[PDB]
Amino acid sequence: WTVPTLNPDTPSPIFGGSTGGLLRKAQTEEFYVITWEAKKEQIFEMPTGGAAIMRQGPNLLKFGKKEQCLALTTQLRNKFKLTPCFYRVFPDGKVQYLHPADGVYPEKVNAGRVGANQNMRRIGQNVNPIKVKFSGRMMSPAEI
Amino acid sequence: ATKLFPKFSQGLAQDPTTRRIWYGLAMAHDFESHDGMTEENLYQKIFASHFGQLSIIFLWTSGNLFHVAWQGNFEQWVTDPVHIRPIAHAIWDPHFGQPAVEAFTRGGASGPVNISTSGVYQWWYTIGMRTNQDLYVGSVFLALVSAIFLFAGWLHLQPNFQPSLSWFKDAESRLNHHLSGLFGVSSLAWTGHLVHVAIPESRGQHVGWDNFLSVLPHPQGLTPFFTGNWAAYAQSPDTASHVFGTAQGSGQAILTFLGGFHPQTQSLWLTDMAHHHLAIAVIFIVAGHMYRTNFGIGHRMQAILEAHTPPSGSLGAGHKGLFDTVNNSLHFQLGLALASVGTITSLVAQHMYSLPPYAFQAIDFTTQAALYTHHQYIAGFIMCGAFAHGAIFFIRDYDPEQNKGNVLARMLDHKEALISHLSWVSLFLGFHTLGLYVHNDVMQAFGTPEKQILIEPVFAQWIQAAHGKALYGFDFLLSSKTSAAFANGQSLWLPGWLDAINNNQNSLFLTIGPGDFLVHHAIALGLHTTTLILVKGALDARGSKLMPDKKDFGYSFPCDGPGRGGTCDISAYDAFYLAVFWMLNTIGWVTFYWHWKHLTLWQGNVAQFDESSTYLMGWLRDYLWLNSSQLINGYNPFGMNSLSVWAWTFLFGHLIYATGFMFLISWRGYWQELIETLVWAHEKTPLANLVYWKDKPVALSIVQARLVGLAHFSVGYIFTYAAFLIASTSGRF
Amino acid sequence: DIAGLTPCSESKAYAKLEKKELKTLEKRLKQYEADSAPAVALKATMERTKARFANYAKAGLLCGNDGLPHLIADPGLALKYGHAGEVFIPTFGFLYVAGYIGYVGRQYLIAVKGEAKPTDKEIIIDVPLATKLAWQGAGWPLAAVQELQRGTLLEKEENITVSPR
Amino acid sequence: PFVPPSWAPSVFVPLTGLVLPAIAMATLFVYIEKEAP
Amino acid sequence: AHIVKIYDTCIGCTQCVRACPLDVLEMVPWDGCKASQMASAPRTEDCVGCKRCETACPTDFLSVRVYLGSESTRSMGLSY
Amino acid sequence: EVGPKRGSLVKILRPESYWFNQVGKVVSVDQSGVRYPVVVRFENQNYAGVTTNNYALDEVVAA
Amino acid sequence: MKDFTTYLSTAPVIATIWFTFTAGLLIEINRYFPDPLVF
Amino acid sequence: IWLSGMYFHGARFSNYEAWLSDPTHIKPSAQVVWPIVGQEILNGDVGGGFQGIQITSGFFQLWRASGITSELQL
Ligand code: CLA
Ligand code: CLA
Ligand code: CLA
Ligand code: CLA
Ligand code: CLA
Ligand code: CLA
Ligand code: CLA
Ligand code: CLA
Ligand SMILES: CC1=C(/C=C/C(C)=C/C=C\C(C)=C\C=C\C=C(C)\C=C\C=C(C)\C=C\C2=C(C)CCCC2(C)C)C(C)(C)CCC1
Ligand code: SF4
Ligand SMILES: [Ca+2]
């Protein structure tokens, strides 16, 4: 498996434009780019409002936050059975692949993944707050 | 990027939205939640905060003294304290037109002034102030004391002056010094002032710093004190024809226990107050030698706590380990202190209206109403704070392993039973009080007032008869002349006390009937429901069946999400939040009852209250509608008078209350979506997008929304009732 | 007498209140004829008013300075000065009916609890069993006291769910 | 004596109402937006 | 950022991962359940705190917990 | 063969569980070395609408 | 008829009939015993 | 059912016939209360030899506009 490379010269779905598009954050902080492969032309619903028409083949779109890209990904997977993927793009031109992280969707187990933020105990086995008091900052009893 | 504010939280400083400012302002006093906080530093920060608060209190007192000496009419009010209204301070408002200037020009002043309702005139006149020079000297002295306290607060934070952690935990030494020094010596000094200054000034003799070292407070001059013949100090007291401030009919005694009230001022005797302060000073000083600090003798609070477990095992481990869980928990100490302070504040309100201590205070009806309402609302807020800090103690400082089997753990052991019984009491009281009120209302509406249920409060009337009131006719204890309890006080204090309690012209144990019984049940309902909400929130703060891990989320958090059916207002902070409304409602009922009963007493028609206090229509029409006619008439198309400021304050409080309803009903999501639309509008507008924000605009958080709505609700409530109370009492009298 | 109150049979305000009510009713009656429905209704209301005032004064109620009756809630005063009918006897009457309803509901719940689907018996009331228990609940204080003495009235601590403390 | 002049309210009220709040508001606003190094 | 934790009571039903709307959770191999899978939170920097994962968890008590922490641009879900 | 018998009734001892001190019917006991092999089904559902859960060997007592 | 009786045995129908009976009994009691304030 | 109830109340428990003879002094009324627990005080003197509750639905004026002159028609 290999990490995909963002192609900026990728056709985009035919949309007339809306007011729920990108804002100054896309030029000052970061934005997201969702790409997918469509087998045929089809009218889909935009996460920011309106109905667009996805073209046959590659399709690229820009969104303000990751939630919009994952919402469109879920819509394309559950309504048209596609395989979309998205990146986070910075104003300096840096592209960072986000989902799927390993090329395999996270609902199914995949080899090579390492569990993080996992507590090898239960909720009732957590310590009292008095034991985590007077720390460097506000620490919850579940953070340890 | 990361901002400098706040400096105590790097996480809040990294927040790029408007939430950073609000959260930094609301978490500045949460010393335990800062970055890099230890126990010693925590105590030092609280010490500095205590000094700063003391400085603020003293500076505020000095400001009041200064304004009364400058713009007040204290020199003229002392000559005629019955027909002259006190002046708070002058008014300099460029917005006032000519009618406002002549309307507020009252009280013998030369310009627009505010008539005070705080009662500082009567208090200062009673303690000895006669001229404006005394008030000026007191203001200067208090300002210098406040400056010294501020300097002390700054000095104690610097190195070589910061106290150690063990110094802050010296409970035995601190309690011995507060019982013997801050309580006993202070009371003894007040006794010295009353005997040396207040008592001679009330008899027409000016005693000040220039002549108190040569004027003898008693003709025998300290001889009966050293010879043990203290009974000579009570000889020749003030007669029944004594005039306050003059020597006409003035006695020579300094420590008596005549009881009752002064015939002219209708207030407590100064000699009795001095004797009281002396006795409590002796008691507090003696009580100051109970704990062992550095001389071997004394006690240890840990030993007394650990040696108080019943042998039957009814209390489990008893009070074992209570010394460590209290000395190491600041929230427990703060909760205990706030509970005692709130109870004492309520005690102050009741004792001051019933037993007037300051001269010519009973005739000032506005002063009585405002003072009682002020102290009762402050006490309610303080009580809610005590329970809130108790919940904070359970979440942050409770240790089940250290408190195993003691009374504290047993509280959480049967918390369901406590909440259930509180629920039953509140339900019973609410159903019965509301049912009796609606029944009386229907009977009054159907034209049959004899069919309404009027239960006579025989228990409280029986207590009043025990105190000496013969109106009911029980004739026992102090009411029967052949009783030992009655014959044992006839030579010390019972004559004046009986003469004052049997007089129906004062507020000393007023006559009660069915209306008083019903409103008392309403008061009990409010107290029990507020206690139910607070107790349930404090016991369920560490967890319940809905949230088994609520202790791991802190004292205040929004919710646990919409899962499990919904978890809105699940934190202990939310329980306090819902309890503030019940506290305001309870204090509203007690203040409504006090204001109506005293208004009908001052108007000379107590039958109006006795006949209209049994049905809610009487409360709504004869009290709220009848007493607001002059208030809402402060400004109208025909002109205005001095009562227009209270009308504006009335509408001001109504507006603030209604504004709080917005934050209370409408929730975050709608506002955040609206804000997003406004963000797009500003970003796509020419000649205006050049001015961009430094903080990303976001909607207020759920907790912040609850606090903002509660603050508006309380402010509007307080301002509305204060304006109505002062306007109605001032216009009527 | 008790708490400075006077009996309603000897109170001037009580008689003045009765005269006021009869006066306003008679004033309203003077505008109608003699053999009409509103006149008969007003006369019936007046007779009801007279009977109510006579019955209240006959019962020995204590009136205040407002002319209205007062209730005695103290058991000692009520049983000592003939006022047990105000608040004592109705108190025990409500206690009997309250425990009656509570015992009937408790018996129905415990009876349907051991069945296959108790929720169906809760939304759809089993009228025969409920009627039988309603008729059998007349001995509720005896059954409740016998249940309390046997120790079967309460549930043990280990069988009740509680919070994680 | 400690008595202020007759013109004292005409100068202290506009000061405490417009001079001091404007300076305090500007200083606090500048302090809140200070960026850390 | 918010703190997302997974406890040992996780049965590997993969319902919490599907309910996550910002791709924070995932499934890793494990040996403590029959499904031999366990939920993981390696991208907590993108979590907003909607608690949809807690709603989708069927264990009693929950296996995935969300604790509100320091708010940022990604955590507040701001498009500006 | 380890653990309670299938179809029996057991009491839940887990304090954080919704069914603490409540009776539930045993469904199946896992034969592996899992931490919570006992499966208990309850007639009353929790706040989330779930009626089954997995408990450990010492978390259930026969009752 | 079994289904009709089961429908009449539901909580709202039973509540309606029971409250109507109780209200009617209380109304008739106050009708034949006007203005009862004491025992 | 609601309209039939309004017409029945106007035909048997109202003073429409009396209101027709004096529509400027007699107050419209179409509801009577039973003499129980003292509620008979609500049966105010609406005029025309009747005692009831003054209605504000305007049914009397509507019936007068349609030409209704007797309780039999209602
Ligand atoms: C005799 C020695 C002495 C004295 C006089 C004091 C005095 C004081 N200490 Mg201190 N302390 C002492 C020894 C002493 N301490 C020792 C030896 C230790 C170490 C073991 C400490 C450790 C210590 C700590 C840690 C703190 C104090 C604090 C305080 C201040 C409490 C502030 C306050 O509540 O207002 C005064 C309270 C009263 C006068 C009591 C009022 C009684 C009731 C509530 C009112 C009734 C009176 C009357 C009815 C009302 C008047 C009506 C009208 C005139 C308005 C106070 C000025 C606090 C502080 O530092 O503040 C800066 C605090 O944080 N002390
Ligand atoms: C001796 C009294 C005392 C002391 C020392 C404390 C101390 C503390 N309290 Mg506390 N509390 C008290 C009494 C006290 N409280 C009382 C009387 C109440 C009942 C009202 C409360 C209820 C309470 C709650 C619910 C909470 C605390 C919390 C806290 C802790 C930190 C929060 C804080 O103070 O930040 C700073 C405080 C503020 C910024 C105040 C908020 C702004 C208010 C609403 C001002 C509004 C007034 C308005 C502007 C009036 C003007 C109107 C006019 C313009 C018309 C802190 C250790 C919090 C905590 O423990 O953290 C987990 C917490 O949640 N307290
Ligand atoms: C007028 C407004 C109002 C009223 C009536 C109540 C009433 C009540 N509150 Mg509440 N509360 C209010 C405002 C109000 N609250 C507000 C603004 C807040 C802040 C959010 C709170 C917050 C609050 C909390 C946090 C709690 C309460 C609790 C309670 C209950 C206390 C028990 C009691 O007194 O028994 C008396 C019972 C009643 C007064 C119910 C009214 C009886 C009705 C009128 C009879 C039915 C009429 C008729 C027979 C049928 C008509 C229905 C028709 C459609 C057929 C009680 C039902 C506490 C509780 O739950 O107690 C266990 C509790 O913890 N309140
Ligand atoms: C009396 C209480 C109150 C007040 C003042 C408001 C006020 C407002 N609401 Mg609101 N609302 C309320 C109750 C209230 N609501 C309640 C109880 C609910 C729950 C149902 C709602 C739910 C609600 C919704 C859902 C919405 C609003 C919206 C609005 C805004 C509409 C814009 C406008 O009116 O222009 C002008 C502003 C006012 C008239 C407010 C008073 C301003 C005063 C008169 C000016 C004084 C200026 C003064 C000189 C300032 C100097 C300060 C000095 C100390 C320095 C406005 C600020 C809408 C909105 O967001 O905006 C479009 C919106 O959609 N409200
Ligand atoms: C719910 C709380 C309650 C309260 C606040 C009162 C309050 C009162 N009760 Mg009481 N009582 C109660 C419950 C209560 N009762 C119950 C549940 C019962 C049923 C057992 C009684 C049965 C009762 C009797 C038989 C008498 C009172 C009496 C009294 C009055 C004075 C006696 C006293 O205070 O001691 C508390 C009362 C008791 C412990 C009950 C025993 C009676 C004591 C021993 C007093 C008898 C001595 C003597 C007769 C006192 C009269 C002196 C003088 C006036 C002649 C007083 C107002 C007395 C009274 O005034 O007579 C009219 C009286 O004789 N009560
Ligand atoms: C079998 C019926 C039943 C019984 C025996 C009880 C018994 C009890 N309840 Mg309870 N309750 C019931 C039904 C019942 N309740 C219902 C239906 C509700 C929802 C309205 C409540 C809501 C409730 C609350 C909020 C509280 C209690 C509380 C209590 C305890 C205090 C006594 C009391 O009178 O409180 C008051 C009782 C009520 C407010 C409701 C009474 C409703 C009727 C009269 C009961 C019978 C109705 C039912 C339809 C009839 C059965 C039909 C069947 C024969 C076919 C007590 C052990 C208190 C507690 O927590 O314990 C200390 C308390 O706070 N109950
Ligand atoms: C806390 C006590 C207090 C309060 C509530 C007031 C209130 C008032 N004063 Mg006054 N003043 C006070 C103390 C106080 N003063 C003291 C101790 C002095 C002696 C130096 C004065 C000297 C004074 C004069 C000469 C005048 C007023 C005037 C006024 C009125 C106009 C507004 C104003 O603030 O003017 C100005 C207030 C000051 C110059 C006093 C400030 C000096 C102190 C030491 C600063 C305190 C800092 C504070 C605690 C920090 C927090 C506040 C804020 C930043 C959050 C107003 C009603 C004017 C007036 O009469 O109106 C008709 C007027 O002419 N005051
Ligand atoms: C708390 C202090 C305060 C003070 C001292 C004033 C004082 C004044 N206000 Mg103002 N106001 C205030 C608060 C205050 N206001 C608040 C909180 C609000 C919001 C509710 C308003 C809303 C308000 C309005 C809507 C108006 C006033 C007006 C006025 C002026 C009255 C006009 C007049 O009859 O005189 C005679 C007028 C003059 C002699 C002209 C003087 C010119 C200005 C005021 C002084 C010179 C400007 C100065 C160099 C810049 C100062 C800014 C400084 C902070 C840097 C007056 C000087 C009126 C006004 O502006 O007059 C046109 C008027 O329209 N005020
Ligand atoms: C939550 C919590 C808490 C608690 C709190 C509280 C507890 C509150 C309350 C409350 C209150 C607020 C109380 C009070 C009280 C009171 C009392 C208990 C009293 C009394 C009395 C008496 C004893 C008297 C007697 C007498 C008489 C009768 C008269 C005459 C005189 C004489 C003396 C004889 C804390 C913080 C601790 C911590 C933990 C948690
Ligand atoms: S929903 Fe809960 S039990 Fe299922 S995989 Fe996620 S964390 Fe584990
Ligand atoms: Ca002097």
# chains A, B, ... in the order shown; residues from 1 in each chain; ligands from 1
>>> interface_residues(of="chain F", to="chain A", cutoff="12 Å", atoms="only C-alpha atoms", output="list in words")
residues 13, 14, 15, 16, 17, 35, 36, 55 and 56 of chain F
>>> residues_near_ligand(ligand="ligand 1", cutoff="7 Å", atoms="only C-alpha atoms and all ligand atoms", output="list in words")
residues 46, 47, 48, 50, 51, 54, 167, 168, 170, 171, 173, 174, 177, 178, 180, 181, 182, 183 and 341 of chain B
>>> write_last_selection(atoms="N, CA and C atoms", output="tab-separated table (two decimals), in the first residue's frame")
chain	number	residue	atom	x	y	z
B	46	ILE	N	-4.61	32.51	48.90
B	46	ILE	CA	-5.85	32.78	49.62
B	46	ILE	C	-5.61	33.82	50.71
B	47	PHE	N	-4.43	33.78	51.35
B	47	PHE	CA	-4.09	34.75	52.38
B	47	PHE	C	-4.07	36.16	51.80
B	48	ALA	N	-3.43	36.31	50.64
B	48	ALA	CA	-3.39	37.61	49.97
B	48	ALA	C	-4.78	38.06	49.58
B	50	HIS	N	-7.56	37.31	51.07
B	50	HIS	CA	-8.25	37.71	52.29
B	50	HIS	C	-7.89	39.13	52.66
B	51	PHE	N	-6.60	39.47	52.57
B	51	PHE	CA	-6.16	40.83	52.89
B	51	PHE	C	-6.77	41.84	51.93
B	54	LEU	N	-10.38	42.43	52.83
B	54	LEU	CA	-10.50	43.25	54.02
B	54	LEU	C	-10.25	44.72	53.68
B	167	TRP	N	2.16	26.37	59.06
B	167	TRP	CA	1.59	27.49	59.80
B	167	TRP	C	0.10	27.64	59.50
B	168	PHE	N	-0.29	27.41	58.25
B	168	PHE	CA	-1.69	27.53	57.86
B	168	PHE	C	-2.55	26.41	58.42
B	170	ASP	N	-2.27	25.15	61.58
B	170	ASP	CA	-2.26	25.17	63.04
B	170	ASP	C	-3.67	25.52	63.49
B	171	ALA	N	-4.53	24.51	63.49
B	171	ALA	CA	-5.93	24.70	63.86
B	171	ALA	C	-6.11	25.08	65.33
B	173	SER	N	-3.95	26.62	67.49
B	173	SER	CA	-3.51	27.99	67.76
B	173	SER	C	-4.43	29.02	67.12
B	174	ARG	N	-4.84	28.79	65.88
B	174	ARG	CA	-5.71	29.74	65.19
B	174	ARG	C	-7.07	29.84	65.86
B	177	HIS	N	-6.69	31.68	69.26
B	177	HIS	CA	-6.50	33.11	69.08
B	177	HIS	C	-7.76	33.79	68.55
B	178	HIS	N	-8.56	33.09	67.74
B	178	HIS	CA	-9.78	33.73	67.26
B	178	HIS	C	-10.85	33.76	68.34
B	180	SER	N	-10.23	33.83	71.69
B	180	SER	CA	-9.80	34.71	72.77
B	180	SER	C	-9.49	36.12	72.31
B	181	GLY	N	-8.80	36.27	71.18
B	181	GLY	CA	-8.44	37.59	70.69
B	181	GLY	C	-9.37	38.29	69.73
B	182	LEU	N	-9.71	37.66	68.61
B	182	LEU	CA	-10.60	38.30	67.64
B	182	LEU	C	-12.03	38.40	68.14
B	183	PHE	N	-12.45	37.52	69.04
B	183	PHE	CA	-13.81	37.53	69.56
B	183	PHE	C	-13.92	38.13	70.95
B	341	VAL	N	-22.25	31.28	58.71
B	341	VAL	CA	-22.41	32.70	58.39
B	341	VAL	C	-23.82	32.99	57.90
>>> residues_near_ligand(ligand="ligand 8", cutoff="10 Å", atoms="only C-alpha atoms and all ligand atoms", output="PyMOL selection string")
(chain B and resi 92-97) or (chain D and resi 9-23)
>>> residues_near_ligand(ligand="ligand 10", cutoff="9 Å", atoms="only C-alpha atoms and all ligand atoms", output="number ranges by chain")
E: 5-19, 25-27, 37-40, 53-59, 62-65
>>> residues_near_ligand(ligand="ligand 9", cutoff="7 Å", atoms="only C-alpha atoms and all ligand atoms", output="PyMOL selection string")
chain B and resi 332-336+339-340+343+386-387+389-391+393-394+535+538
>>> write_last_selection(atoms="N, CA, C and O atoms", output="mmCIF file, in the first residue's frame")
data_model
loop_
_atom_site.group_PDB
_atom_site.id
_atom_site.type_symbol
_atom_site.label_atom_id
_atom_site.label_comp_id
_atom_site.auth_asym_id
_atom_site.auth_seq_id
_atom_site.Cartn_x
_atom_site.Cartn_y
_atom_site.Cartn_z
ATOM 1 N N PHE B 332 -14.304 22.020 52.662
ATOM 2 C CA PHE B 332 -15.081 21.620 53.833
ATOM 3 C C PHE B 332 -15.148 22.767 54.832
ATOM 4 O O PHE B 332 -16.218 23.082 55.373
ATOM 5 N N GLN B 333 -14.004 23.405 55.085
ATOM 6 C CA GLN B 333 -13.961 24.530 56.010
ATOM 7 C C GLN B 333 -14.772 25.700 55.475
ATOM 8 O O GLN B 333 -15.491 26.363 56.230
ATOM 9 N N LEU B 334 -14.675 25.960 54.169
ATOM 10 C CA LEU B 334 -15.437 27.051 53.574
ATOM 11 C C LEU B 334 -16.929 26.767 53.628
ATOM 12 O O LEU B 334 -17.728 27.677 53.863
ATOM 13 N N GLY B 335 -17.326 25.510 53.425
ATOM 14 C CA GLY B 335 -18.734 25.170 53.497
ATOM 15 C C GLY B 335 -19.278 25.315 54.903
ATOM 16 O O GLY B 335 -20.385 25.825 55.097
ATOM 17 N N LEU B 336 -18.501 24.882 55.902
ATOM 18 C CA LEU B 336 -18.925 25.026 57.292
ATOM 19 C C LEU B 336 -19.043 26.497 57.663
ATOM 20 O O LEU B 336 -20.015 26.917 58.311
ATOM 21 N N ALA B 339 -22.091 28.046 55.944
ATOM 22 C CA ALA B 339 -23.343 27.613 56.563
ATOM 23 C C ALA B 339 -23.597 28.381 57.855
ATOM 24 O O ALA B 339 -24.699 28.909 58.079
ATOM 25 N N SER B 340 -22.565 28.483 58.701
ATOM 26 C CA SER B 340 -22.706 29.222 59.950
ATOM 27 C C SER B 340 -22.946 30.705 59.698
ATOM 28 O O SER B 340 -23.761 31.328 60.386
ATOM 29 N N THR B 343 -26.578 31.290 58.540
ATOM 30 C CA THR B 343 -27.513 31.158 59.652
ATOM 31 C C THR B 343 -27.434 32.373 60.570
ATOM 32 O O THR B 343 -28.463 32.892 61.022
ATOM 33 N N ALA B 386 -22.728 27.546 50.701
ATOM 34 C CA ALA B 386 -22.254 26.526 51.630
ATOM 35 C C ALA B 386 -22.500 25.136 51.065
ATOM 36 O O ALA B 386 -21.610 24.274 51.069
ATOM 37 N N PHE B 387 -23.706 24.915 50.546
ATOM 38 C CA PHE B 387 -24.014 23.603 49.980
ATOM 39 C C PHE B 387 -23.224 23.345 48.699
ATOM 40 O O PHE B 387 -22.807 22.204 48.434
ATOM 41 N N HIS B 389 -20.197 24.459 48.037
ATOM 42 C CA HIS B 389 -18.843 24.100 48.430
ATOM 43 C C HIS B 389 -18.803 22.716 49.056
ATOM 44 O O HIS B 389 -17.775 22.039 48.974
ATOM 45 N N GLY B 390 -19.909 22.265 49.654
ATOM 46 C CA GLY B 390 -19.937 20.905 50.168
ATOM 47 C C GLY B 390 -19.859 19.905 49.027
ATOM 48 O O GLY B 390 -19.142 18.898 49.104
ATOM 49 N N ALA B 391 -20.580 20.194 47.937
ATOM 50 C CA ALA B 391 -20.521 19.332 46.756
ATOM 51 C C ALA B 391 -19.119 19.349 46.152
ATOM 52 O O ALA B 391 -18.606 18.313 45.697
ATOM 53 N N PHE B 393 -16.437 19.776 47.815
ATOM 54 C CA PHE B 393 -15.613 18.965 48.704
ATOM 55 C C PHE B 393 -15.743 17.489 48.361
ATOM 56 O O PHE B 393 -14.745 16.762 48.334
ATOM 57 N N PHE B 394 -16.977 17.026 48.114
ATOM 58 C CA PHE B 394 -17.159 15.612 47.779
ATOM 59 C C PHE B 394 -16.463 15.243 46.481
ATOM 60 O O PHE B 394 -15.864 14.166 46.380
ATOM 61 N N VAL B 535 -28.863 19.208 48.763
ATOM 62 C CA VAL B 535 -28.398 17.959 49.360
ATOM 63 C C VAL B 535 -28.297 16.865 48.307
ATOM 64 O O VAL B 535 -27.318 16.109 48.273
ATOM 65 N N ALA B 538 -25.275 17.498 46.176
ATOM 66 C CA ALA B 538 -24.007 17.250 46.855
ATOM 67 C C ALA B 538 -23.753 15.758 47.035
ATOM 68 O O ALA B 538 -22.607 15.304 46.938
#
>>> select_by_dssp(residues="chain D", states="alpha helix (DSSP H)", output="tab-separated table (two decimals) with N, CA, C and O atoms, in the first residue's frame")
chain	number	residue	atom	x	y	z
D	8	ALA	N	-15.86	69.83	42.79
D	8	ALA	CA	-15.37	68.46	42.80
D	8	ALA	C	-16.29	67.44	42.12
D	8	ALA	O	-15.76	66.59	41.39
D	9	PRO	N	-17.62	67.44	42.31
D	9	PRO	CA	-18.42	66.44	41.58
D	9	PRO	C	-18.40	66.64	40.07
D	9	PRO	O	-18.33	65.66	39.33
D	10	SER	N	-18.41	67.90	39.63
D	10	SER	CA	-18.40	68.24	38.21
D	10	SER	C	-17.13	67.80	37.50
D	10	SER	O	-17.09	67.79	36.26
D	11	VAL	N	-16.08	67.44	38.24
D	11	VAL	CA	-14.84	66.98	37.67
D	11	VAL	C	-14.58	65.51	37.96
D	11	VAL	O	-14.08	64.79	37.08
D	12	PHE	N	-14.91	65.02	39.15
D	12	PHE	CA	-14.70	63.62	39.51
D	12	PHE	C	-15.73	62.69	38.88
D	12	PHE	O	-15.38	61.57	38.51
D	13	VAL	N	-17.00	63.12	38.75
D	13	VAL	CA	-17.99	62.26	38.10
D	13	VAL	C	-17.66	62.06	36.62
D	13	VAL	O	-17.66	60.90	36.17
D	14	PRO	N	-17.36	63.11	35.82
D	14	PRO	CA	-16.99	62.83	34.42
D	14	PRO	C	-15.69	62.06	34.32
D	14	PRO	O	-15.51	61.28	33.38
D	20	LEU	N	-11.42	57.42	33.37
D	20	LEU	CA	-10.98	56.15	33.95
D	20	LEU	C	-11.53	54.92	33.24
D	20	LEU	O	-10.75	53.98	33.02
D	21	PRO	N	-12.82	54.83	32.86
D	21	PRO	CA	-13.25	53.61	32.16
D	21	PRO	C	-12.65	53.45	30.78
D	21	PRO	O	-12.37	52.33	30.38
D	22	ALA	N	-12.43	54.55	30.05
D	22	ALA	CA	-11.84	54.45	28.72
D	22	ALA	C	-10.40	53.97	28.80
D	22	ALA	O	-9.98	53.09	28.03
D	23	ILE	N	-9.62	54.54	29.72
D	23	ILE	CA	-8.23	54.14	29.89
D	23	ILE	C	-8.15	52.70	30.36
D	23	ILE	O	-7.34	51.91	29.86
D	24	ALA	N	-9.00	52.34	31.33
D	24	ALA	CA	-9.00	50.97	31.85
D	24	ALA	C	-9.42	49.97	30.78
D	24	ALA	O	-8.81	48.91	30.65
D	25	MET	N	-10.45	50.30	29.99
D	25	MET	CA	-10.92	49.42	28.93
D	25	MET	C	-9.86	49.24	27.85
D	25	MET	O	-9.63	48.12	27.39
D	26	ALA	N	-9.20	50.33	27.45
D	26	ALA	CA	-8.17	50.23	26.42
D	26	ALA	C	-6.98	49.42	26.92
D	26	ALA	O	-6.45	48.57	26.20
D	27	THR	N	-6.55	49.67	28.17
D	27	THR	CA	-5.42	48.94	28.73
D	27	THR	C	-5.72	47.46	28.86
D	27	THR	O	-4.90	46.61	28.49
D	28	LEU	N	-6.91	47.12	29.37
D	28	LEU	CA	-7.28	45.72	29.52
D	28	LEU	C	-7.42	45.04	28.17
D	28	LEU	O	-6.96	43.91	28.00
D	29	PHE	N	-8.03	45.73	27.19
D	29	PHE	CA	-8.19	45.14	25.86
D	29	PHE	C	-6.83	44.88	25.21
D	29	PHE	O	-6.65	43.84	24.56
D	30	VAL	N	-5.88	45.79	25.38
D	30	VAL	CA	-4.55	45.59	24.82
D	30	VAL	C	-3.87	44.42	25.53
D	30	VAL	O	-3.21	43.59	24.89
D	31	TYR	N	-4.04	44.32	26.85
D	31	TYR	CA	-3.43	43.25	27.62
D	31	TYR	C	-3.97	41.87	27.26
D	31	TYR	O	-3.21	40.89	27.23
D	32	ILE	N	-5.28	41.76	27.00
D	32	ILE	CA	-5.86	40.45	26.68
D	32	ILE	C	-5.32	39.92	25.36
D	32	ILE	O	-4.98	38.73	25.25
>>> residues_near_ligand(ligand="ligand 6", cutoff="7 Å", atoms="only C-alpha atoms and all ligand atoms", output="list in words")
residues 420, 421, 423, 424 and 427 of chain B; 101, 102, 103, 104, 105, 106, 108, 109, 125, 130 and 134 of chain C
